[PDB]
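What follows is a single chain, given as structure tokens, in the form deposited in one PDB entry.
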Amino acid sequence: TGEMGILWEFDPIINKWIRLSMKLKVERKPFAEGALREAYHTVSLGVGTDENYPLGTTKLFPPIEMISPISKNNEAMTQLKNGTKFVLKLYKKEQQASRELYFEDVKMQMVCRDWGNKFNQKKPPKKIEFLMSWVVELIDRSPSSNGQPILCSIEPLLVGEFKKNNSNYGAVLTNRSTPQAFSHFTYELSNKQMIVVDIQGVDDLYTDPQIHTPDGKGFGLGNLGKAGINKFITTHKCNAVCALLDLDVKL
């Protein structure tokens, strides 16, 4: 039959969240799992507005000043339109997850999308793209728990061979140039204030990346700070794409 959700889209250029609704139908069992999450095949039963589901309240997160009152322009209306097959992700059985973490995870994926666009403006041999991600509140479910409402993230379905190219702790898992050159690009151009790793997906369409920052603050559970940054440095070998972008040989 399906279930309702409040759907949240972040737009970095206006620095605001857009609040929508959708109906979806999720398979009972996951098709894949990672270190932290389980992934479920899902179908869209349509995207709509949030008009029927008022915010009310204060404790509100995101805070009201961070939400656009207008939602007419969005990615969800196209990318999650009625009939679309996509992916829903839940944290495995959890304790360290707050409401804020889900939004932080989605914002992080959006920040990576901006880095992808920045990398592409340099005219690399292979352009890259990160998938959209959204927060969904599964408002038809009881809170179970703990009493906490049920949240998840959703993303488009990748079709093809899913491959991890690097991890968030120094592993270089494939021999391809582009994913490693991009990680290096983000480190140099950010004045070493961040790096994008966990570059994974189908060809150069990536998802669930991870950012480290020197102070380790923000960017979710997987931000391993200076330690994560140094691990990347220890195993990074510059390649033909690094050289084309004129990246520093010393990190």
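The numbering used is simple: start at 1 and walk along the sequence shown. Whichever C-alpha set is largest while still superposing within 1.5 Å between the two forms counts as the rigid core.
Peer 1: Determine if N175 is unmodelled in a third or more of the other PDB entries compared for this protein.
Peer 2: No, none of the compared structures omit it.
Peer 1: Tell whether, across the other compared PDB entries, at least a third have no coordinates for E100.
Peer 2: Negative; every one of those entries includes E100.
Peer 1: In terms of residues present in the deposited sequence but not modelled, what lies between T58 and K59: none, 1 to 3, 4 to 9, or 10 or more?
Peer 2: 1 to 3 residues lack coordinates between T58 and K59.
Peer 1: Per the entry, how many residues of the deposited chain go unmodelled between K93 and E94: none, 1 to 3, 4 to 9, or 10 or more?
Peer 2: The entry has a short gap there, with 1 to 3 residues left out between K93 and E94.
Peer 1: Quick one: higher average CA temperature factor, 201-209 or 61-69?
Peer 2: Between 61-69 and 201-209, it is 61-69.
Peer 1: For the stretches 97-105 and 160-168, which has the higher mean C-alpha B-factor as given in the deposited record?
Peer 2: According to the entry, 97-105 carries the higher average C-alpha B-factor.
Peer 1: Which one of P124, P179, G116, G83 shows the top CA temperature factor in the record?
Peer 2: In the PDB entry, the greatest C-alpha B-factor among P124, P179, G116, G83 is found at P124.
Peer 1: Per the PDB entry, which option out of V43, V196, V47, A32 has the greatest Cα B factor?
Peer 2: The record points to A32.
Peer 1: So where's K226 on the chain's Cα temperature factor ranking, which third?
Peer 2: Its C-alpha B-factor belongs to the middle third of this chain's values.
Peer 1: Quick check for you: using the entry's CA B-factors within this chain, is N74 in the lowest, middle or highest third?
Peer 2: As the PDB entry reports it, the C-alpha B-factor of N74 lands in the middle third of its chain.
Peer 1: How does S145 rank on Cα B-factor within its chain, lowest, middle or highest third?
Peer 2: For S145, the deposited C-alpha B-factor lands in the highest third.
Peer 1: Going by the entry, which third of its chain does the Cα temperature factor of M4 land in?
Peer 2: Middle third, going by the recorded CA B-factors of the chain.
Peer 1: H184's Cα B-factor: lowest, middle or highest third of the chain?
Peer 2: Tercile = lowest for this residue's CA B-factor.
Omitted here: the form deposited in another entry. The next part is about that form.
Peer 1: In a fit on the core, which one among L205, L189, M194, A39 has a Cα that moves 2 Å or more between the shown form and the other one?
Peer 2: Correct option: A39.
Peer 1: Superposing on the rigid core, does the Cα of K237 end up 2 Å or more away between the shown form and the other one?
Peer 2: After core superposition, the C-alpha of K237 moves less than 2 Å between the shown form and the other one.
Peer 1: After core superposition, I'd like to know whether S144 moves between the shown form and the other one (criterion: C-alpha shift of 2 angstroms or more).
Peer 2: Moves: yes, 2 Å or greater.
Peer 1: Would you say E27 moves between the shown form and the other one, meaning its CA shifts by 2 Å or more once the core is fitted?
Peer 2: It does, since the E27 C-alpha is displaced 2 Å or more between the shown form and the other one after the core fit.
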